[PDB]
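S.K.: structure for the following, please:
(one chain, ligands or ions: 3)
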Amino acid sequence: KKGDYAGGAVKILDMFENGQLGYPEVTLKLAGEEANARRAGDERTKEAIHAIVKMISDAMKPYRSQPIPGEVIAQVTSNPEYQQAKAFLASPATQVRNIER
Ligand SMILES: [Cl-]
Ligand SMILES: [Cl-]
Ligand SMILES: [Cl-]
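M.R.: Numbering: from 1, shown residues only. Ligands and ions are numbered 1, 2, ... in the order given. See the structure here:
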């Protein structure tokens with residue numbers, strides 16, 4: 001609910017994986033959550049979103065609005081660091097921490 005920027009990021013990430021979002025829409029939207037997290041002092045949430053934004057940006061470099069290529073979705077979602085960051089943002093502890101702030 002209110003102030004749950006981690007949860008909001010996970011919703012964006014789910015849309016990214018479904019092909020629903022394009023580039024740079026996905027990173028601009030994640031950056032928005034990341035700024036919300038920064039303003040609220042959800043420091044770990046900010047950092048997790050930042051790591052994901054970097055991964056997506058980097059994977060899009062060879063492809064420099066547009067839909068995300070299937071190859072990029074596959075590469076990113078297969079990256080263990082991405083999986084860890086998304087799970088962290090999705091985790092109860094993180095979401096509660098965000099709501100409590
Ligand atoms: Cl946090
Ligand atoms: Cl912070
Ligand atoms: Cl990747």
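S.K.: mind checking how far stretch 59-70 is from the chain centre?
M.R.: Between the mean C-alpha location of stretch 59-70 and the chain-wide mean there is a distance of 16 Å, by C-alpha atoms, centre = their mean, to the nearest Å.
S.K.: swap in stretch 26-34?
M.R.: That offset, for stretch 26-34, works out to 7 Å (C-alpha atoms, centre = their mean).
S.K.: what's the answer for stretch 21-28, then?
M.R.: Relative to the chain's own centre, stretch 21-28 is displaced by 10 Å; criterion: C-alpha atoms, centre = their mean.
S.K.: can you tell me the distance between the two ends of it?
M.R.: Using C-alpha to C-alpha, to the nearest Å, the end-to-end distance of stretch 21-28 comes to 11 Å.
S.K.: residues making contact with that stretch?
M.R.: Residues outside stretch 21-28 that contact it (C-beta atoms under 8 Å, 6 or more residues apart in numbering) are 12, 15-16, 29, 53, 56-57, 60, 63, 65-68. (C-beta placed from N, C-alpha, C; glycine too.)
S.K.: what do you get for stretch 31-40?
M.R.: 3, 5-6, 8-9, 12, 43, 45-46, 49-50, 53, 98, 101.
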